[PDB]
Amino acid sequence: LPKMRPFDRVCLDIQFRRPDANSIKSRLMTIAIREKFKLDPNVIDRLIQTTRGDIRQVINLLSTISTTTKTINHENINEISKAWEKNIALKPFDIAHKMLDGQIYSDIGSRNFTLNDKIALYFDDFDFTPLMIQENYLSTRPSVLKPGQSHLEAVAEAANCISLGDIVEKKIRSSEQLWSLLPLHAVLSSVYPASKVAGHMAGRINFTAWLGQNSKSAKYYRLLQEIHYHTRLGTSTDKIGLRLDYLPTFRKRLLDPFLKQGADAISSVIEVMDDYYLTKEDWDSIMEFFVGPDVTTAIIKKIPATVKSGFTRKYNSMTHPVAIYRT
Amino acid sequence: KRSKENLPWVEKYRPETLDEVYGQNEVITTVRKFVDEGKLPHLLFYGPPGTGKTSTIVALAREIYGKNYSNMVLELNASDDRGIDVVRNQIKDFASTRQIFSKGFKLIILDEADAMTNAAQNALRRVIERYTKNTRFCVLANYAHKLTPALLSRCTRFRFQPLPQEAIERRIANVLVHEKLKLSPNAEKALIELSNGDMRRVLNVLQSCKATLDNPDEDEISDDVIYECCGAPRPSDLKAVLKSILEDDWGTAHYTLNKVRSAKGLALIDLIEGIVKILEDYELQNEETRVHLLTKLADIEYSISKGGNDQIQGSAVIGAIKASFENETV
Amino acid sequence: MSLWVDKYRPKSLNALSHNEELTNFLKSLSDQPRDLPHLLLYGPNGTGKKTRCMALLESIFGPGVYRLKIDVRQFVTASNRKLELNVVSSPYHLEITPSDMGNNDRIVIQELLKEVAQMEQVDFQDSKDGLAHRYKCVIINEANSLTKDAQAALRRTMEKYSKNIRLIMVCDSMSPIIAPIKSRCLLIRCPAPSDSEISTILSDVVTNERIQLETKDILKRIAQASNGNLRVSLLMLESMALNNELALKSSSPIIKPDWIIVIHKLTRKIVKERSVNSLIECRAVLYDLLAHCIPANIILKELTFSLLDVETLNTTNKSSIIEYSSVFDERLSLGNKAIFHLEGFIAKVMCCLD
Amino acid sequence: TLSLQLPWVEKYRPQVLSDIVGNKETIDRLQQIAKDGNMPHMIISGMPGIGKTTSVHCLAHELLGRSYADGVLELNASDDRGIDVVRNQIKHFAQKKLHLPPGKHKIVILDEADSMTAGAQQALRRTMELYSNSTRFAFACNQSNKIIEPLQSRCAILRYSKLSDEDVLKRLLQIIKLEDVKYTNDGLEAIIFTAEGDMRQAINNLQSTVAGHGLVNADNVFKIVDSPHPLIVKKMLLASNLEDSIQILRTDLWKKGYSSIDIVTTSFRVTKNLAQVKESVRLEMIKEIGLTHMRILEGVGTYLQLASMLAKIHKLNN
Amino acid sequence: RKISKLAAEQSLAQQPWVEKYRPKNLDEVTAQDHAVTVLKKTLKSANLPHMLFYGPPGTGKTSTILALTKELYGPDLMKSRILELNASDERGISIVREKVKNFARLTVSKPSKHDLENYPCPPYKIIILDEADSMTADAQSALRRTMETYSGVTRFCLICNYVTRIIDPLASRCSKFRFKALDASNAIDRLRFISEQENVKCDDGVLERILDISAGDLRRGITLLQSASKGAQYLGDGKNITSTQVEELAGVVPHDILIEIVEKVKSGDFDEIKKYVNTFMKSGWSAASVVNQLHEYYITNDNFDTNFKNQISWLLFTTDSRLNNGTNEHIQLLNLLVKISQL
DNA sequence: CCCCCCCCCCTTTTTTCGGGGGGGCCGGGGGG
DNA sequence: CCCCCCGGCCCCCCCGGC
DNA sequence: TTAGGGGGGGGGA
Ligand SMILES: Nc1ncnc2c1ncn2[C@@H]1O[C@H](COP(=O)(O)OP(=O)(O)OP(O)(O)=S)[C@@H](O)[C@H]1O
Ligand SMILES: Nc1ncnc2c1ncn2[C@@H]1O[C@H](COP(=O)(O)OP(=O)(O)OP(O)(O)=S)[C@@H](O)[C@H]1O
Ligand SMILES: Nc1ncnc2c1ncn2[C@@H]1O[C@H](COP(=O)(O)OP(=O)(O)OP(O)(O)=S)[C@@H](O)[C@H]1O
Ligand SMILES: Nc1ncnc2c1ncn2[C@@H]1O[C@H](COP(=O)(O)OP(=O)(O)O)[C@@H](O)[C@H]1O
Ligand SMILES: [Mg+2]
Ligand SMILES: [Mg+2]
Ligand SMILES: [Mg+2]
């Protein structure tokens, strides 16, 4: 859980897993012979599966049933299991696995696992289910393709419905707070798109990558804003124009010279930086924006360490202008 | 608040007794029988705007208690705070305490309960049950989907229908007698047609019409006055526009629509609604015509609701009608 | 030093060199600026809208408009969050970009603009007429990015306090602007400069910067590749001069932005391979582009217009591509997560092409 | 008149476990527990108006007798049930010293426990375990899934199902015999049909019909209880021709005063559970209904929008 | 330093023409008689109802309500009798429950003898909720009983551009007034008066062309007239304003460019259309104006059949609806032109 | 003993208004 | 004159369909 | 029908 994040690497992590049937069979038999009721050993596994490994729940079930039903056997195991079946909400990975299974979308599966059940499965975690579906709807071998329909067509329909669900989600979380639309979102984001590509997972279920990418985008946008407002007094443009037009040109006057003139370009680069009230951190942030063929990590690393040390020494041994005076 | 004559007609003519509520004979008779026999249950009044729910409950409270009913009934509405805390303290003490003035039972009127939070509705569940021996609850609603099933299960439901024509005519006659006004038969028909079963609309339109007459004493309200004050299309305009669209060419239809709309500054939405109403009575050979008409006109209305270009919307209406009616041949 | 795009920017209305009719109209507006209405300047990006706005302000008030300072203003939301807005101000005007605060931009309209408008001008700012100025100018950059709530909040402010503030909003497209706001502004179209004018400006820059041009055809090629974007043209001329030792030859290649190269590679990948694995791979490219401050709308526009330029596609494919582009542009305008709509558009294009 | 007749739901509320209809096995288990004692922690879940609170109160009374006043702590949604209340009042009640019969324990009743906050539920966990030797907990709820898993692990589960028409008829006939109500078979059938398995609703409708019309027949019953609108919506959605669906919409729903939002919400709910129709067709219908609902929520709640929705639904099935 | 305060008349004399010529009394409203007469009769009836003014932009709703308040209460008593809340003020449910309700419950301010002798002074106050369509549904519902319970001392005026955004109960509680669009047939007199008072010299039909271009918005027409007057004065040539200058100032595409676009569409070649549109967007023409002009050209052309017009009407409607959502103009215009070329 | 099989359990985290709950200072009052 | 008590703003986190 | 991969623990040639 996020709230347990602080405990990441400060304690010895010990895990207790669901007890197996054999380890508790003897204790259950002892309790049964002590409490003076008849239980068939063969139905023990069914009871342990009913409670999902909860020994306390198993003992409570025994105590409750033994009040009137003095015999636990195959003649009544089904009813007991159904009545005392724990209803535990699935986790994102399990929700994604079950939603993207073609069996539940067949006629028999649909009559067994109904549309209401599918919608309820979404409500187990409504904040992560659409993200998991969007992440894992392209990694399946479908088993529900209509005759004459290819996998790509179903993928396109699912993507269109996902876009519509995104529009609905934007509507829900607005000032109007139209939460009554939540069920419709469930259909538009998880159920319908899954029904188009439902099948067998073609790999491993991955966690949504949209969250980390959004965080990275936010960080880069913050850096771009800081740089734009540092260079605002010298450039006539906005942040988008700065990123798309100005930065590539600045690349040829801030990093490229060091690759040609070696350590003799420090003066010119510092002069250019001062002309735009740019700092060393601004330099580093600028050099991280370029993408594709203009990636600079290797380029900057290949620069001799002496050149970088001299650049830092020269920058730190001078008085540079200030653009924004915080007071 | 100098006098009741300074109030708007919607508030000046608010019923004070159950005999002045029209168009709800079944509900009024049943509630009167319940009150007379002392068998009033928990009540729910579900209905559309301006049907007489608040007036009916206020009249019932006044009949049960009298002139001082306001000090004997706990009335709450959306304008007031009705959170779980209020339910836990104010309503609970009101229901569990005796009346200060008389020795009778206690009434709680939760008007506009559809705006109440789910937590407060859940809290009211046991309040309604525990103090049922001496307290009664009335819940007024316009939307039943906002009421929890548990609250609905504890109340007896009464549906307020849209006002019938006869009740509106009787109330109009009473208003005319009070105001010393003359209304034409066609004017009355037009006024009832545009009301959609809402008495507040009728009263507001009549008040506007009275202000339009140069001499309200010696002048009579005609259909022309009603159409002009509301700025609504006349039936003749709708018929002419539809006929031009259905039988004339594109240029003639466009000219007719623009001319009809510019003579009195008619609104496109009103014309669309009138044409839809007219076409609803048409006997069409193919269902495709009806499907296309309904879908395209609904889309045009939705687009108009957000603004857009009026000329393009009118051309779209004309083209949609013309294309939809082309399915009646083959 | 300062880039040529910034070193040679005009600082007056008489220094303008393209769209002489627009210059004449602006001069006519500045002749009697006391009754100047609110202005909305719309046109293609990179044409000189901001330069002309600054020139108009200089003509109305004088050169002092170019003495700029930057301050920070604090705001508190309903959730107690603290937001910072960078305000660029001069002795005569104030520049703001409310979209920096996203959905909170409304507050900037509600508090800062209201405070400025509810204050009359008391400093003796003597004008050309002999009497002091009575209003302060406010420049709302990127007005097209304002949320509808902020625009609604702007409505009554411009009317009640028109005697203390005059608004100049610069936008690239008027489609996102609500009709009530457009009704309250004088709309000024700003056409992009012609190729000949761009070539003249570039030749002037070359002459001032002592650049050896093998021929004047290079300037024409640069202007044609800029598609009317003067900022891009000047920055490309500077870029092309720093890669050829300050000497431009007829064989000098035109340098494209890195994101443009990535988008062209994506277009070629989409055209060549139409498969689910190809879509999965293209998702990585889309995420990578979106994570480096490349707007989704720009990505969609460039992808659509690069796919339409492929010579191996037929008319039906291009028609389907443009229809899907329109639909998914509407979806992007009405959505939050751009990657969803972009992936849907790419999937539909792949389906149609295959 | 300033007098009120006691509702039959309270006048005839069961006071012993033997007077509760439906869920025979669960009620028998409750009687067995009341006989032997050693009542365990339990959670009773089910749909409203089926006899959960009545069963809990009857069990508590049959178990505690004259000690009910001191041995029962009852809390519901109308009372404060925050974390502070759990940590102070419930703890004090559990720690209280009370001499009870040999095989009896104190009872804490938490009616409508599904409305409690997660903090209070978490706090109750150790209180239940440390004082189980003297106190036992009985929760009553409608949605058992809202109870945290740790609490469910410590309590038995008693799920209540809908009352069959036979049980409702039995109880209604008993009340009629105890009230000398004149009735007709069709009237009782209509009462059961409109009740939909809810005993409280059935009893309230019967009392209202008796007090308003006297004779309990189909006509009088339907004058008090209106036809369920979900069934009318289902008929509208299952109509063959578009004209029939539009007629149902206009005559039975729109002209009766039903709001557009209610109509669209009911249409969505009915379509979600229309097993006769294939799942894909229901999904397309749900998409269309969601578009119509979004249009309505924006302010356009016109009859034309509902007509267009019906036309689109019919086009989907063609 | 400090500057001497200006007089109200002097300040107004240097304001934009839209604010300078705002109606001062109910008689200055041009083409809203159907509602202005009803509002004027209330100055003697003294039974003003709850009002809901709705209509397109620039029709005179705010001006009408301000004039009504000024006539009812006068310059001095107006401030204590009017509570104005607009989109620039916080209008949540809490504000409605506390601020609006508290103001409504307050006793009416005591009129002075001069006010009673010179103005009707109705015995109630007015709450004006401008741009009420921006308020949430819950806040609107919170007003339902406040409107009715305290109607004796308070009246409510809701002004909106989209009537559908007002919840049904509030619309039912309010008497509705629709403000009609101002065109060349009902607003020519006001524009002519404004031009005459400003010594603006224009050729015949210039004012009508301005009003037709405005498309129901008188504020836009007045602003365009002011711009034309400023241009003419700057030129200082003494000649009359012409319709071509007005069209150039209004952003109307020249007819020749429209004919070129039509010819390109007729050709049907995708590449040529794409190239021409790419060149066209460089001029900054607004897509909405281009679509409107294309609609005017095609729908009113006799050289096209019925099916073509039926299809083009829906195409134009779809393009306009998509543009109204704030979409890229280039893509939408190219799609529309390509679709028309294939009809 | 390493090897085999089976079973269980882990991959990982963004946000527009309104209401309700829970914790923490603060300040008014009473009292010694 | 100063300490204890205990009600009253402020603040921050968590839901939101059925 | 078991998403892939790692951790636990009873059985055993
Ligand atoms: N049945 C009726 N008979 C006579 N006048 C009526 C009737 N119903 C409504 N009216 C008129 O409409 C006014 C408002 O009636 P209300 O009962 O307050 O409206 P409503 O039914 O409560 O609508 P909602 O649900 O509150 S939006 C009354 O003061 C009457 O003038
Ligand atoms: N099984 C039943 N047998 C007899 N009467 C019943 C039965 N169930 C309900 N009733 C009657 O309906 C009334 C209300 O039932 P309750 O059990 O108190 O409500 P409920 O079942 O708790 O519904 P919720 O979930 O609390 S809203 C009782 O007082 C009885 O009169
Ligand atoms: N009916 C009219 N008569 C005279 N001038 C008018 C009229 N309508 C608009 N105007 C002019 O337009 C200006 C603005 O009018 P407003 O009433 O503020 O616009 P509006 O009707 O409120 O549009 P919205 O809904 O606020 S966008 C006025 O100051 C007048 O100069
Ligand atoms: N009249 C002109 N003469 C020379 N250069 C110009 C002129 N107008 C604009 N520019 C150049 O074009 C570049 C971009 O202009 P910009 O102000 O960004 O226009 P917009 O505001 O439309 O984006 C500026 O850096 C400026 O140097
Ligand atoms: Mg009411
Ligand atoms: Mg109970
Ligand atoms: Mg206005």
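Residue numbers begin at 1 in each chain, while the letters A, B, ... track the order of the sequences.
- In F:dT12 the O4'-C1'-N dihedral to the base is within 90° of 0, which defines a syn nucleotide.
- Note on E:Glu90: nothing from the nucleic acid sits closer than 4.0 angstrom, heavy atoms only.
- With a glycosidic angle more than 90° from 0, F:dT15 adopts the anti conformation.
- Within the 4.0 angstrom heavy-atom criterion, no nucleotide atom of any strand lies near A:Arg52.
- Once the 5.5 Å centre distance and the 30° plane angle are applied, the aromatic ring of A:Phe126 is found not to be stacked with the base of G:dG17.
- A gap of 42 Å separates the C1' atoms of F:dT16 and H:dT2, to the nearest Å.
- Taking the P atoms as reference points, G:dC2 lies 25 Å from F:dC25, given to the whole Å.
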| query | When every nucleotide of nucleotides 1-12 of chain H is labelled 5' to 3' by its protein contacts under 4.0 Å (heavy atoms), B for base, S for sugar-phosphate only, - for none, what sequence of letters results? | reply | --BS--SS----
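- Using P as the reference atom, F:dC9 and H:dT1 are 24 Å apart when rounded to the nearest Å.
- Side-chain proximity of D:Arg269 to the nucleotides F:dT15, F:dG19, G:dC18 is greatest for G:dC18.
- Taking atom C1' on both G:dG16 and F:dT11, the two are 29 Å apart, rounded to the nearest angstrom.
- What separates CG of D:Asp114 from P of G:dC15 is a distance of 16 Å, to the nearest Å.
- Using Watson-Crick or G-U wobble geometry with both donor-acceptor distances under 3.5 Å, F:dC2 finds no partner in any strand shown.
- Rounding to whole angstrom units, CD of residue C:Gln110 and P of F:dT16 are separated by 16 Å.
- Nucleic acid contact for A:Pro183: sugar-phosphate only, since backbone atoms but no base atoms lie under 4.0 Å from a heavy atom of the residue.
- Between A:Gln15 and F:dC10 there is a side-chain polar atom (N or O) within less than 4.0 angstrom of OP1 or OP2.
- Base orientation of G:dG17: syn (glycosidic angle within 90° of 0).
- Side-chain nitrogen and oxygen atoms of C:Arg81 include none within less than 4.0 Å of the OP1 or OP2 phosphate oxygen of G:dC13.
- A straight line from CD1 of A:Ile95 to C1' of F:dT12 spans 13 Å, rounded to a whole angstrom.
- The backbone N or O of B:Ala78 sits less than 3.5 Å from a side-chain atom of B:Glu112, completing a donor-acceptor pair.
- Here D:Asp80 does not pair with B:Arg88 in a salt bridge; the nearest charged N to carboxylate O distance is not below 4.0 Å.
- Of the possible polar contacts, none joining the C:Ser99 side chain to the C:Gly102 backbone as a donor-acceptor pair under 3.5 Å is found.
- No contact: A:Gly53 has no heavy atom under 4.0 Å from any strand.
- Contact check, D:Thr117 against F:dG20: no side-chain N or O comes under 4.0 Å of OP1 or OP2.
- Here A:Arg18 reaches the OP1 or OP2 of F:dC9: one of its side-chain N or O atoms lies under 4.0 Å away.
- Evaluation of the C1'-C2'-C3'-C4' torsion of F:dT13 gives a positive value and hence a north sugar.
- Across all strands shown, H:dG9 has no partner, as no Watson-Crick or G-U wobble contact with both distances under 3.5 Å is found.
- Base pairing of G:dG7: its partner is F:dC26, meeting the Watson-Crick or G-U wobble criterion (both donor-acceptor distances under 3.5 Å).
- Look at B:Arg82 and you won't find any side-chain N or O under 4.0 angstrom from OP1 or OP2 of F:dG18.
- Stacking annotation: F:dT14 and F:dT15 stacked (six-membered ring centroids under 5.5 angstrom, interplanar angle under 30°).
- D:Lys146 comes within contact range of at least one nucleobase, with a heavy-atom separation under 4.0 Å.
- With rounding to whole Å, A:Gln49 atom CD is found 11 Å from F:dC8 atom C1'.
- Nucleotides G:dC10 and F:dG24 have their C1' atoms positioned 9 Å apart, rounded to a whole Å.
- Of all nucleotides present, none satisfies the Watson-Crick or G-U wobble test against G:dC18 with each distance under 3.5 Å.
- Atom CD of B:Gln121 and atom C1' of F:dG19 are 14 Å apart (whole Å).
- In terms of modelled atom types and a separation under 3.5 Å, the side chain of A:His151 and the main chain of A:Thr140 share a donor-acceptor contact.
- When every heavy atom of C:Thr147 is checked against every heavy atom of C:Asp105, the shortest pair comes out as OG1-OD1, 3.0 Å.
- At distances below 3.5 Å, at least one donor-acceptor pair connects side-chain atoms of E:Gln140 with backbone N or O atoms of E:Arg165.
- Side chain C:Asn336 to base F:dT16: a donor-acceptor pair is found below 3.5 Å.
- The CG atom of E:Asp138 sits 8 Å away from the P atom of F:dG18 (whole-angstrom rounding).
- With respect to the salt-bridge test (charged N to carboxylate O, under 4.0 angstrom), the residues A:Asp94 and A:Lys91 do not qualify.
- Salt-bridge check for E:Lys101 with B:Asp80: passed, with a basic side-chain N closer than 4.0 Å to an acidic carboxylate O.
- The side chain of B:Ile84 sits closest to F:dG20 out of F:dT16, F:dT14, F:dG20.
- No donor-acceptor pair closer than 3.5 Å links the side chain of E:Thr146 to the backbone N or O of E:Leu143.
- For A:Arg173, the side-chain atoms get nearest to G:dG16 when compared with the rest of F:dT12, G:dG16, F:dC17.
- Among the heavy atoms of the strands lying under 4.0 Å from A:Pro92 is at least one base atom, whether or not backbone atoms are also near.
- Here, F:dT14 and H:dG4 have their P atoms 28 Å apart, quoted to the whole Å.
- Seen from the ring of C:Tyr287, A:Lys216 does not count as a face-on cation partner, given the 6.0 Å and 45° thresholds.
- For the pair D:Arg87 and F:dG23, the criterion of a side-chain N or O lying under 4.0 Å from OP1 or OP2 is met.
- The separation between D:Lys272 atom NZ and G:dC18 atom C1' is 7 Å, rounded to whole Å.
- Computed from coordinates, the A:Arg222 CZ to F:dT14 P distance equals 12 Å when rounded to whole Å.
- OP1 or OP2 of F:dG20 lies within a sub-4.0 Å distance of a side-chain N or O belonging to B:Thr117.
- When both pairing distances are held under 3.5 Å, F:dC17 makes no Watson-Crick or G-U pair with any nucleotide shown.
- By the 6.0 Å and 45° rule, D:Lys287 stacks over the aromatic ring of A:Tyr192.
- Distance check on atom P: F:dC10 versus G:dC18 gives 33 Å, rounded to whole Å.
- Panel note: side chain A:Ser174, backbone A:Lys171; a donor-acceptor pair is recorded below 3.5 Å.
- Among the heavy atoms of the strands lying under 4.0 Å from A:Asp127 is at least one base atom, whether or not backbone atoms are also near.
- With both ends at atom P, the span from F:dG21 to G:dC6 equals 23 Å, rounded to whole Å.
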